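In structure tokens, the next block holds one chain alone, the form deposited in one PDB entry.
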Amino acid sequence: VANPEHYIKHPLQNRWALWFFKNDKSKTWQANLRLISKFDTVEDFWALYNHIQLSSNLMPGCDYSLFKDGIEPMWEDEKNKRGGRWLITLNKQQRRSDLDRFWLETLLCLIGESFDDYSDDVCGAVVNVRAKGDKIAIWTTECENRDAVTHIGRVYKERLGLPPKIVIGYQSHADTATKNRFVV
């Protein structure tokens, strides 16, 4: 039989779904959220990533979301309702300098399962392109899991290369939908 190394795609640990949001005042927030496609290999990730717009080129008001297959990118999902997000807030000058590199690094932290035992607490990630300042966030499934949330935040901050002068926060979705629970 042939050596699999020669011809098989490299499976990822999870199957992931990419979503797109375009702000339209004619429609509800949920109706503006649409599924693009799914992938579960390294090769299919790069084929998707290489044919879509960089976040910095999106019209203001748009989002990308990458979530594990089966989890919708909204607070109301069962695996998001009790969770929260590690938030990266960027200034207007950082759309040029950091937004796209931070986003791709965030994508790799997800599909590469970069958070060791706590990668099962990850639900997905969201980049919001906005005129007042863009945002990148990793969503985790239980805001009360102190060890999981902390270790995800610290690993995330280092992978992004942020210096200790910067401090990022973690907010539960219930607070957003109605403060930081943690900071690293």
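In this text, residue numbers run from 1 along the sequence as written. For clarity, a rigid core is taken as the largest C-alpha set superposing within 1.5 Å between two forms.
Not pictured, yet referred to below: the form deposited with a partner chain bound.
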is_contact(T28, its partner chain) in the deposited bound form, heavy atom dist at most 4.5 Å:
no
Does any part of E113 reach within 4.5 Å of its partner chain in the deposited bound form? Heavy atoms only, please.
yes
Heavy atoms within 4.5 Å of its partner chain in the deposited bound form: does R159 have any?
yes
With a 4.5 Å heavy atom cut-off, would you call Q13 a contact of its partner chain in the deposited bound form?
yes
With the distance limit set at 4.5 angstroms and only heavy atoms considered, check whether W46, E105 and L108 all reach its partner chain in the deposited bound form.
yes
So with the core overlaid, does the Cα of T89 end up 2 Å or more away between the shown form and the other one?
no
Output row for the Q93-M59 CA distance, |change| of 3 angstroms or more in the deposited bound form, reads closer
Sense of CA distance change between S97 and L58 in the deposited bound form, threshold 3 Å:
closer
